[PDB]
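turn this into a structure:
(one chain, ligands or ions: 1)
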Amino acid sequence: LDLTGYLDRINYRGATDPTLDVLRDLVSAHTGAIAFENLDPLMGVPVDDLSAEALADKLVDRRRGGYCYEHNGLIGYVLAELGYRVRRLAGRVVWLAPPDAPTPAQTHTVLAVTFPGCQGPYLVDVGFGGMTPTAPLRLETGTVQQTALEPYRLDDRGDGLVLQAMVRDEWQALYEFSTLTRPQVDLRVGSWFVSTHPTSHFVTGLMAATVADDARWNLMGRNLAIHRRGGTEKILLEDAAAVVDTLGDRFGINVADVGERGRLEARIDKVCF
Ligand SMILES: *CCC(=O)c1ccccc1
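Numbers count the residues shown, from 1 in each chain. Structure as follows:
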């Protein structure tokens with residue numbers, strides 16, 4: 001119910017009516033202000049509470065980032081309060097995987113959004129780390145949808161859909177999802193798995209992502225990548241202390257919220273180095 005707190009956090013100043021332009025402006029403000037991060041699962045802190053109060057406490061009041069369940073959870077509550085009709089969906093991540101790869105777990109969550117006067121439903125995803133669409137996408141197959149960054153495309157895959165994006169020089173399948181509404185409890189089960197399981201990439205490693213000035217800032221451990229329209233520059237971070245500095249400065253995460261910096265640096269040192 002802390003609508004004001006959220007809007008100030010994302011530095012939004014426009015209108016609040018449930019329209020297409022507002023949805024575009026909110027998604028752009030959210031993706032540019034709240035970083036993607038897995039500092040909680042990395043530090044052995046599970047992501048179990050997906051209520052409006054818990055997510056606003058962390059992502060707004062404490063100035064932290066989060067992952068898919070936290071990002072799409074928070075924006076989903078905000079949009080519902082503004083008058084948008086929000087349906088929470090579940091997805092399986094297939095990024096960089098070939099078509100014959102083993103069936104992935106349902107560890108991603110996206111939103112199907114409608115509003116007064118809309119021609120059709122819209123896909124909203126502000127929680128897909130390094131490749132999250134910075135614009136609401138028409139929930140329709142075949143159409144190429146250009147954003148402020150990469151172009152996106154949805155295609156019909158079996159009993160559901162698949163979101164694809166043109167990364168570098170080829171169309172890459174990001175995730176496959178069903179358009180069926182999933183209850184909150186199913187999302188909690190998925191979030192528990194991805195934040196506690198010893199095999200999860202969010203437990204074993206560090207991942208951080210943001211968007212700032214027509215560019216994508218992606219961090220995989222000590223590997224920082226800045227993806228621009230022109231090209232990509234890669235920076236190999238020297239030590240765990242420099243990694244924490246990047247998380248605080250470049251990514252705008254309140255690192256002090258995690259606890260003693262020495263413990264976070266030691267965890268990054270043992271995991272990334
Ligand atoms: C919650 C899952 C999530 O945020 C994610 C999965 C796979 C790749 C990027 C982000």
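
going by C-alpha atoms from here, please, whenever you check contacts or count neighbours.
Will do.

using the three-state scheme, assign residue 267.
Following DSSP: H, G, I helix; E, B strand; the rest coil, residue 267 is assigned to helix.

so who does it touch?
Residues near residue 267 by C-alpha atoms under 8 Å, 6 or more residues apart in numbering: 42-43.

recalculate using a threshold of 10 Å.
Going by C-alpha atoms under 10 Å, 6 or more residues apart in numbering, residue 267 touches 42-44, 205-206, 240, 261, 273.

burial of the closest residue to residue 132 other than its chain neighbours, as a residue count?
Nearest residue to residue 132 in three dimensions, chain neighbours excluded: residue 126, at 5.6 Å (C-alpha to C-alpha, 6 or more residues apart in numbering). The tally of other residues near residue 126 (other C-alpha atoms under 10 Å) stands at 31.

give me phi/psi at the closest residue to the ligand within the chain?
The nearest approach of the chain to the ligand comes at residue 68, 3.7 Å away (C-alpha to the nearest ligand atom). As for residue 68, its main-chain torsions (degrees, to the nearest 10) stand at phi -50, psi -50.

does it touch residue 124 like I think?
No. Counting by C-alpha atoms under 10 Å, residue 68 sits too far from residue 124 to count as a contact (11.2 Å).

now the common contact residues for those two.
Residues touching both residue 68 and residue 124 by C-alpha under 10 Å, 6+ apart: 109-110, 132.

name the residues of the stretch 101-250 of the chain found near the ligand, please.
107-108, 127-129 (C-alpha under 6 Å from any ligand atom).

go again with 5 Å.
Taking C-alpha under 5 Å from any ligand atom as the criterion, the stretch 101-250 of the chain approaches the ligand at residues 108, 128-129.

residue 143 contacts residue 156, doesn't it?
No. Contact criterion C-alpha under 10 Å: residue 143 and residue 156 do not qualify, at 11.6 Å.

follow-up on the earlier one: the shared contacts of residue 68 and residue 124 in helices, which ones?
In helices, judged by DSSP state H, none of the shared contacts of residue 68 and residue 124 are found.

among these, name the ones in strands.
Taking DSSP state E as the definition of strands, the shared contacts of residue 68 and residue 124 contribute 109-110.

got CSV for the shared contacts of residue 68 and residue 124, with neighbour count too?
Compiled in CSV, the shared contacts of residue 68 and residue 124 are given as follows (neighbours: other C-alpha atoms under 10 Å):
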residue, neighbour count
109, 27
110, 25
132, 21
